[PDB]
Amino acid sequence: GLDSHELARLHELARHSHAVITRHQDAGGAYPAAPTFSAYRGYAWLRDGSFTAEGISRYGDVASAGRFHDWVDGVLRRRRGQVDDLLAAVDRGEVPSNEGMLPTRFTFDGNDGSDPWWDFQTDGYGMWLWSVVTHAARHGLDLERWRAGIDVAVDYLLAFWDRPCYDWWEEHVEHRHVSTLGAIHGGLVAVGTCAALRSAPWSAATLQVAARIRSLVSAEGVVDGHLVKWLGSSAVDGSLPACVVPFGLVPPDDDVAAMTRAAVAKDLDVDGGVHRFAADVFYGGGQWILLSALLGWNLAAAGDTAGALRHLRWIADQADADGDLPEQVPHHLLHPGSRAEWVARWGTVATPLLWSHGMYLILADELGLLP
């Protein structure tokens, strides 16, 4: 495995990952995406925050992870009326516009940070349900602390899970993305199998809807034995291993899990750095730390320690002078011509990206390498 040279570098990157996350956590509890990146600064995402919260919970900082769940919970309780209004609209056959839906970007005070016409996404609500249930399980906590916010998220997701929306990458609003469906599935199975939530009025409905998601992925989201980026597509996306671990469309040992890991590695992994999708022109289509971390987590869960380690080492080699992990690195670019216009508009690549550090902590934990 690892000599004490490697073990010391990996331990130090874990401790720094904890530090950069808790130091930039907002006073209100939110985890920001990236404190210094022009286009992300001032906002919080449930997707980034939930994976960040899971790394922090595995690290053992119950206080930090708890303030993030408090923040999300309170933000969702404040949307109780908005969600009830959307459901009542649906019940009158007046299907609301993307412009009326719950937001993607939040301000640290829980307001919409963006107009959901331009970035409507449902995955973050499903990831938060997964995150808070897994945190409560790990540390023996009472979910009643966050139940009223869970109720808002469940109600919203049971109504809107099958709606087209933008993918994790804010593209293709017309499509139903398999990693978005996967995130919602993980959240619903998390609350539906949670003994502390056995009397919730939605308990049975969450597992019936999770089964409806798996039926749709079965019918339109599997080609040549692997998951695909969106229903009706042949291609893969770097986010797809999340549909195995942790969101559980299939478990690690399933043939579709194996074929999906192999398709993602062949089509999108270069020397341990995982690309998002073939067409990606964002900063030239670089190699994403969080996606290398996600593939590595999935190889670990499937019993491929070696492959997991190789991805962890690749990630650790992208750490900068201070131990900060960027969003992505340009060692291999899918569309090199496009990088310059992105550096010009938005600046140097987001560094640190909190989600990079969260995913680092998860993969390190899966390999038993936390201090």
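Counting begins at 1, following the sequence as shown.
Q: Report the stretch with the higher mean CA temperature factor, choosing between 283-291 and 175-183 on the basis of the entry.
A: Per the deposited B-factors, the answer is 283-291.
Q: Quick one: say whether 201-209 or 271-279 has the higher mean Cα B-factor in the deposited entry.
A: According to the PDB entry, the answer is 271-279.
Q: From 90, 228, 189, 133, can you pick the one with the highest C-alpha B factor in the entry?
A: Highest C-alpha B-factor among the listed options: 90.
Q: Name the one of 54, 327, 322, 48 with the greatest CA B-factor according to the PDB entry.
A: Largest recorded C-alpha B-factor: 322.
Q: By the recorded C-alpha temperature factor, relative to the other modelled residues in its chain, which third is residue 143 in?
A: Lowest third.
Q: What third of the chain does residue 314 rank in for C-alpha temperature factor, lowest, middle or highest?
A: Tercile = highest for this residue's CA B-factor.
Q: Select lowest, middle or highest to describe the third in which the CA B-factor of residue 296 falls within its chain in this entry.
A: Residue 296: CA B-factor falls in the middle third of its chain.
Q: If you rank the chain by CA B-factor, which third does residue 81 end up in: lowest, middle or highest?
A: It belongs to the middle third of the chain when residues are ordered by C-alpha B-factor.
Q: In terms of the CA temperature factor given in the entry, to which third of its chain does residue 334 belong: lowest, middle or highest?
A: Its C-alpha B-factor belongs to the highest third of this chain's values.
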